[PDB]
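Protein chains in written order, with the deposited numbering: chain F, 1 to 470; chain C, 27 to 501; chain B, 27 to 501.
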Amino acid sequence: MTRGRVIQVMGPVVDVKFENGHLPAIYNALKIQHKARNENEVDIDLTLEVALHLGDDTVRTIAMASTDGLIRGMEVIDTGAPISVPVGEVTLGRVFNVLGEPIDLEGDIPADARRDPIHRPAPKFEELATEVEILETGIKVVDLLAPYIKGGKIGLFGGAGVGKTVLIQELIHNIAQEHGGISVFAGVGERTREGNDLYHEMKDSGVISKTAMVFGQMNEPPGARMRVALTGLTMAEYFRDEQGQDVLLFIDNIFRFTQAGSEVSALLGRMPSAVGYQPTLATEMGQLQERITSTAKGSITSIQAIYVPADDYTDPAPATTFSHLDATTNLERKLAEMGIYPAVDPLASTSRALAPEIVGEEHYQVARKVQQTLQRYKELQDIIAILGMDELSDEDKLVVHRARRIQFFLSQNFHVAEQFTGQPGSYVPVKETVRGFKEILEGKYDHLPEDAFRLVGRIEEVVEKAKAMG
Amino acid sequence: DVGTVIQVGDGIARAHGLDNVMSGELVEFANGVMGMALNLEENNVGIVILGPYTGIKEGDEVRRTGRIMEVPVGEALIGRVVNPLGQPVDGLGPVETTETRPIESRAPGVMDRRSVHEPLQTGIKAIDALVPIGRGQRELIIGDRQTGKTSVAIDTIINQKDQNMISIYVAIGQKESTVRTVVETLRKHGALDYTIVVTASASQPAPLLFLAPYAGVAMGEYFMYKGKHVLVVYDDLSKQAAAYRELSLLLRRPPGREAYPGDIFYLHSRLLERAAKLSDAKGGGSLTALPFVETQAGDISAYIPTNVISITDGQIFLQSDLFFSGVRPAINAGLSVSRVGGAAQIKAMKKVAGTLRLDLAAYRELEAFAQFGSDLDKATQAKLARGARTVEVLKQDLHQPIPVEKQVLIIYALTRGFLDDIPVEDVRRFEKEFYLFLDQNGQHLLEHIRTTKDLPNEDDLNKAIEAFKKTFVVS
Amino acid sequence: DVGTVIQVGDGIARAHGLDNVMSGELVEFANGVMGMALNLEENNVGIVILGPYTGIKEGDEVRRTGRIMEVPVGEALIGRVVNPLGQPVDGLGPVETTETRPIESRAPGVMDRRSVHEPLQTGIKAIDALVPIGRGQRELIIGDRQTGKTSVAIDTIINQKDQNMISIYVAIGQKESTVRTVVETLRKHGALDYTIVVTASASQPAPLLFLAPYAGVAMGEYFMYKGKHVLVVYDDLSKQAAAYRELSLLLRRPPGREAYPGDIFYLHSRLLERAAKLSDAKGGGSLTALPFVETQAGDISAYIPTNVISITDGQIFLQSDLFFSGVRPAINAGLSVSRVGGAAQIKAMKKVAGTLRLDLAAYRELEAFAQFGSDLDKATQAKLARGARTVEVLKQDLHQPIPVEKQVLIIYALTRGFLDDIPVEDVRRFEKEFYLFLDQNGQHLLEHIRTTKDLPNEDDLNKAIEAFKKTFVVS
């Protein structure tokens, strides 16, 4: 290999000169390892990523950690390849950094384990699928009113404390149980406190064995905060390609990935763009998300949590992110106060899959017929408040009667809730969901107390529970 | 004509030598990737790379092909899926094209053109009846994301199966998976024997994105100059603008408003001006363009939207809220205008749509008032019932275009109050069973409308509709 | 390792030579001023000066100290007033510190931390009851200028006299005279035997301003790694952001939004991430941060405010108008939220504050309606009287923190309607005389609350409060 010497340092940016006539490629990784000869020096071990060629046998690099202590004339070695991440079954149940080193105090990855580069071209037009296929999660309202599709992107819109983590762990547990699909969680630019809380919540649910976690938090330099998503992506991609199973990829925050890329572009010396964003925003976002596709062998469905600090979606980041989305699940705290879980909004949640060409006729019919009654009840509630219910028409009373029961039937006794309250946990198929909703609408289960519906799985349990209660 | 790279990064390069290169030329790198030669300096050449540049290294050799950017064209491309450059994406080996055309070519002059008179049948009742389009026209379809633009484009392309049209679909910055889904949907309906698909996915380098519409328009212009009708569709122009902005900024071009360069109007104008209705001397060919623009929050007032609206001969505004309500396709009456409209429409379609517009607008304003006031006289009540039936009539199921003759027949049935006693919900099933009754009985009316482009006799038409009403059962 | 200055101005310099300097090093000028070595070029070094540069002249000699920025730390600094660098400001000769720590140090990893459970007692009734704070938490206090932020900080630091906490106060860009007044106020209450003060006044060079919080956090982290609780306060972060912007612009750094560099989020995130609740393996130390941010016109929606709110675990919003009305300290119910709240609070405080929140919100909304409508039924009238008494109870006099046990006792007395017949004005004097009655009689209740962190028996507590009510005289 070839070894260069440093000529310039400023911030996370370093420049190297190579004399032997061989120079690294654009995305190659370089390493600095120097042991202090005197007390005037400092021991350093740093990994660099090339960015540009600048002539005069010189190259430009972006560092993954603090550059303090670097001296001119210091040697830099070329690895000959991009950042190599260990892949395989050895990653399950462990926490890694960007460079692929294990953060958790459970040992280190063996030397001879195979490692794959982070940077590779996206899959081609021929290799993609041809028909949109629904992904069955087992959650009544999610499958009914806003279905997921394999290879699609689902946007999670909710605040802290509305039940995000419960839903995430429930999805991981269901996908691992039935479809035999592992999950990957990547943290980008989040609070480390929430990372600790998520780790402890996963350990206290038995999920950690079925997932792998890569963390880059707020404190990290911009380059790692950028490439953490890519290393998580290649970790999931290994499972899709070689093992052929379906994978679920969680990303903590899509916004700060673009923010870090903007910071790195500003450091590199490129001219700014609108609202000071990087000129290369769209192609970077595409290069990340166009590798998340459903091929013949397997698929990577991705759930992305999007938080906008200013609640304004007109900015370039929300604009570009929303362009790739396929479905959006919005969480509301009003239903959490009401006691419905996981408190997804039935009227505000949308999916592009809810079309008869994809879901079939009966699914669309029942979804629309239910949403009609829900909207009518939402409107009718204020009239009920201002004026006495008794004076209102019989049709409005019937609408309220059905609507309350339907709204209660949306709830489900999840698996992970087994410990805080003693509950077996229900997994509901789509067809029985549709049948139950239709039978509720028609009046087969009309003459039952509205209290029974509050937390049930399939519909027969409703009758059994109501008969037990009275 | 040989040179060596001295700088490379972000998809741009600088080369020494290349003493005889021409501006706008294509150059081939040592590995085989292709690039443009945009800028020539005193002692170096600036190169723009149209593919994966990770393999390009300082000291590499670059040579020039000896030609300006040439997109291959010909009938051999029908049914294939191709790059902006002449290379296949669907597999199935090479294309074996006949000839090539430079993408940057002068548009036909004024004197060379003619007024638009022959219509374009979309098969969508609302668009055909209220916002007609003619061949050679340029109409903009604008709306928010997830509003049905691509569904309308596919419904239009499929309906062209009957006519003599040639269609081209240019996917700009789209997701590859939905492009594959669209291609398979086109094949499922058998529309691939007369269409060409040029694709540039979001993962591709920015230079390829803005070059896609010029390859599409060169491919379309190849056929039109030989006397063929062509229909080009651009699903995303704004992403082309963004890619050009990116490329300009990587060249350190000083910005303008927003940080778009000044070329924004030049780019879209130079693109969209090649759609025309050539004069009889040139050959009578026609090229119709249907550019799509995505706007934020549904506000049509913005730099790129208004900039494009300044060029096109009209626009169709698609509302997101109506799209969510289940009405397909959503169209705003107020903002949708066509200036060629009224010349393309056949006589019967004009004669009926003239009344249809008045009824729809009256219902719109009356309903906008009704939400506040419930005290209405008999006349307003009948007006509301007519408006409700009218708005129900314009509903259309996905991917099922309707022939014009059945459109004019059903709208005529609507206008003359043949649905006086039929309840609102039964109206849709009334339309389907009426289509069946026309298929079995009214064949002469359909053939007369096809051959003559005129409404048949009122008495016989009323007799047929009355007979069907006699057969029809409510609920 | 010797070099000569070739350029100097605005607090920056360029030097020739210095062949072996390390990035981030400290360099000493010929006269004795200290500076950083931020940027290394091909043939020159860029230097940032941390003091009066008027004496630095072209041709002067500059030498490197051989070390990265090292702030001295140790117990020797308690009670002193120090620069961001390790030099005293209060006189009293040198400090004689034990050891030094580099300000730019990696934060502890995730795995290394633990949930926050032990509380921080501010001594302010409203904050302790409604917006609890825990050790290791990071809560932001935001408001307009002249709203009482520093009064709240001083009241909090003073109350720590009883506990085992160590406190650090970092004055950023403040007026030297009010810093001196604050120091003398701290001494007057005897809080100087466990506090450290680091100061950077408005007249100092901009480089010293942004380096102050890092020296504060290094000093705090020295103690926490050895198992001590630490409470760091930053009165003005936005001025640190402004000083960093200035320094970046003097380096010709291209701007971003406003003209802040991209490092704005990086700076505050890298600073505030070092506050943590270390795991038992590390030693169990805790570091609590209370950054202060000043906003214009009371609007919380701005670049720096929302940027910081994105990091912290909660915020307290102080309203200027209520501050002018005489209520101290003003707090907005709607915007004040703590996400760790509910875990730190002791059982009795939780049991009573749960009802307190409902009563306050009900009174707030009812009063917001009452200004327009005066027709109220008996229930609303009783609700208004309860709300008025509740809002009067939460009043606190300056610089007199209250122990938690008397807080829970008085709030319990409020909740159960022991003030049914006491007029509004008498309520405050009722609180003072009740504190006296508890001091003379209720010692067992206070000791039980201290030792057990639980509410005493309802019957005995009601008996004591009833006895005091029997003693109390109205007006």
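We treat Cβ as the ideally placed atom computed from N, Cα and C, and that holds for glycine.
Query, Result
"Assuming contact is defined by CB atoms lying nearer than 8 angstroms, are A370(C) and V434(C) in contact in what I supplied?", "no"
"For the beta strand (DSSP E) holding residue 25(B), just list the boundary residues, first then last.", "In the structure displayed, chain B extends from 27 to 501; residue 25(B) sits before or after that span and is not available."
"Considering only residues of the same chain and omitting the five flanking positions on each side of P24(F), which have a CB-CB separation below 7 angstroms?", "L30, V50, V59 and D78"
"Mind listing the chain F neighbours of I32(C)? Cutoff is C-beta to C-beta under 8 angstroms, in chain order.", "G55"
"Short of 6 angstroms in beta carbon distance, which residues of its chain neighbour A490(C), apart from the five on each side in sequence? Order them along the chain.", "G468"
"Nearest to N190(C) by alpha carbon, out of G85(C), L298(C), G311(C) and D36(C)?", "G311(C)"
"Going along the chain, which residues of the segment 327–357 of chain F sit with their C-beta nearer than 9 angstroms to a C-beta in chain C?", "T350, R352, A355, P356 and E357"
"Check the Cβ-Cβ distances between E284(F) and every residue of chain B, and say whether any is below 8 angstroms.", "no"
"Residues of chain C with CB under 8 angstroms from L145(F), in chain order?", "Going along chain C, no residue has its Cβ under 8 angstroms from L145(F), so there is no contact; the nearest lies around 13 angstroms."
"Does the beta carbon of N174(F) come closer than 8 angstroms to any beta carbon on chain B?", "no"
"Between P429(F) and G244(F), what straight-line distance do the alpha-carbon atoms span, to the nearest angstrom?", "24 angstroms"
"Taking all protein chains shown into account, decide if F460(C) is buried (16 or more other Cβ within 10 angstroms of its Cβ) or exposed.", "buried"
"Under a CB-based cut-off of 8 angstroms, is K458(C) close to chain F?", "no"
"Under the three-state reduction of DSSP, which class applies to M375(C): helix, strand or coil?", "helix"
"Can you name the start and end residues of the alpha helix (DSSP H) that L440(B) belongs to?", "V430 to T441"
"Return the bridge partner residues of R291(F) from the DSSP annotation.", "Bridge partners of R291(F): none, in fact."
"So who's on the other strand from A305(F), going by DSSP bridges?", "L156(F)"
"Are the segment 273–293 of chain B and the segment 219–229 of chain B touching, with three or more C-beta to C-beta distances below 8 angstroms?", "no"
"Find the nearest neighbour of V196(B) within the set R442(B), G242(B), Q186(B) and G162(B), judged by alpha-carbon distance.", "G242(B)"
"Report all residues from its chain with a CB closer than 8 angstroms to the CB of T126(B); omit the five preceding and five following residues, and keep chain order.", "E96, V97, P98, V99 and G112"
"Look at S393(F) and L455(F) and say whether their C-beta atoms are less than 8 angstroms apart.", "no"
"Per DSSP, what are the beta-bridge partners of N330(F) in this structure?", "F157(F)"
"Give me the chain F residues within the contact set of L313(B), using Cβ-Cβ distance strictly less than 9 angstroms, ordered along the chain.", "Correct list: empty, because the minimum Cβ distance to chain F is about 13 angstroms."
"Would you mind giving the Cβ-Cβ distance between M250(C) and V259(C), rounded to the nearest angstrom? I have them listed as a contact below 8 angstroms.", "Between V259(C) and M250(C) the Cβ distance is about 15 angstroms, and since that is not below 8 angstroms, they are no contact."
"Rounded to the nearest angstrom, how far is the Cβ of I254(F) from that of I306(F), given a contact under 8 angstroms?", "6 angstroms"
"Hey, does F215(F) have any beta-carbon neighbour from chain B nearer than 8 angstroms?", "yes"
"Can you check the segment 60–132 of chain F for any beta strand (DSSP E) of at least 3 residues that lies completely inside it and give the ranges in chain order?", "75–78, 84–86 and 115–117"
"Would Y27(F) pass as an interface residue toward chain B - the criterion being a Cβ-Cβ separation below 8 angstroms?", "no"
"Taking just the CA atoms, how far does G199(B) sit from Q266(B)?", "8 angstroms"
"Give a yes or no on whether 8 angstroms exceeds the smallest Cβ distance from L275(C) to chain F.", "yes"
"Identify the residues that DSSP records as bridge partners of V259(C): which are they?", "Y195(C) and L316(C)"
"Using only the alpha-carbon positions, how far apart do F18(F) and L54(F) sit?", "12 angstroms"
"Go ahead and pull the three-state DSSP assignment for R376(F).", "helix"
"At a CB-CB cut-off below 8 angstroms, which residues of chain F make contact with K479(C)?", "What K479(C) touches in chain F: nothing, since even the nearest Cβ is about 34 angstroms away."
"With 16 other CB atoms within 10 Å as the buried threshold, where does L335(F) fall?", "buried"
"Under DSSP, the beta strand (DSSP E) around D15(F) begins and ends at which residues?", "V13 to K17"
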